[PDB]
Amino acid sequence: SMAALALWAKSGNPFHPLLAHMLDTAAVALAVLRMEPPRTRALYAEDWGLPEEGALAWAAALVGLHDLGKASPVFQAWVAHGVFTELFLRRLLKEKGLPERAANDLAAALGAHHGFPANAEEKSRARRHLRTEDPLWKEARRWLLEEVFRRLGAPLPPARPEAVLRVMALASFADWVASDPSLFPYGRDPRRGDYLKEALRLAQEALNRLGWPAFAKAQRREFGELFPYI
C-alpha cells in the first residue's frame, strides 16, 4: 500500500510523519504570504498568472514539498535530502502539467543549495540509490505530492527568475519555522481533516512569537518579499 508507505515516512522524529511536516511548512508559507505587503502578494499573482488567492495556495503547496526528498529509504529507518527533492520534483511537477523549464527551475529552488541546481556527481550518487529502492517508493511520493496539493486547494498556473527565487526564499523561511517542535509539536495526526486548520493556527502563533522584540531585530528583504531577521 503506497498510502501506508507515504504516511509511514517520518520527518525529524518517529512521531512526526513527513506529511505532517509538509503540511506544517505549507501552513507557515500560506500564513506568512497573507501577512506580506500587498506589493509582495501582487508579484505572486503576476508570477503565476493566477488570482491572488490561487497564487498563494500554489506557492504554499510548492513550499510544503521542500522535503519530498526524505520520502526515500535513504532517510527512513551520502547526499543531502534536497538533491532528491530536486530530482523528484523535476519529474512530478512536469506530470502535474507544469512546462519543462518552470519545473526544472522550481525543483532547484526547493532543492539542496538555495536555488542553485545539484551538480552531476550529486545526481549520479542519488540515482544510484533510486535504482535499487522498492518501486512502491516512487508511487508513495506521487501520493504525497497529490495529498498536499489537494489539502491546500492549490491550482496549477495557466516562470521568471524572480518568481522562482521568491519561492526559494519562502521555503527556506517556512521550513525553518515548521521545523521547530516548540512551535509545531510532534504527534499531530495528518490524516485528520482538521489538521490544516490547526497547523494554520500554530503558524499564526509562531509568526507572532518570532516577531517579538527579543527575536526579530530587523527585516530581511529578498526578491521583493520580507522576513523577520532573527
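Residue positions are given as counts along the sequence shown, with the first one as 1.
Checklist line | Unmodelled deposited residues flanked by residue 77 on one side and residue 78 on the other | finding: Unmodelled stretch: 10 or more residues.
Next item on the list: Could you settle it for me: does 214-222 or 20-28 have the higher average Cα B factor in the PDB entry?
Entry: Mean C-alpha B-factor is greater for 214-222.
Check: Which has the higher mean CA temperature factor in the PDB entry, 123-131 or 85-93?
Finding: Result: 123-131.
Item checked: Highest recorded Cα temperature factor - choice among 64, 187, 37, 69 -> Answer for 64, 187, 37, 69: 187, with the highest C-alpha B-factor.
Check: Taking the entry's C-alpha B-factors for this chain, is residue 114 in the lowest, middle or highest third?
Finding: According to the entry, residue 114 has a C-alpha B-factor in the chain's highest third.
Checklist line | Chain third (lowest, middle, highest) by recorded CA B-factor, residue given as residue 201 | finding: Middle third by C-alpha B-factor.
Check: Mind checking which third residue 194 falls in for C-alpha B-factor across the chain?
Finding: Its C-alpha B-factor belongs to the highest third of this chain's values.
Next item on the list: Would you check the entry's CA temperature factor for residue 145 and let me know if it's in the chain's lowest, middle or highest third?
Entry: For residue 145, the deposited C-alpha B-factor lands in the lowest third.
Check: Going by the entry, which third of its chain does the Cα temperature factor of residue 5 land in?
Finding: Answer is lowest: the recorded C-alpha B-factor places it there.
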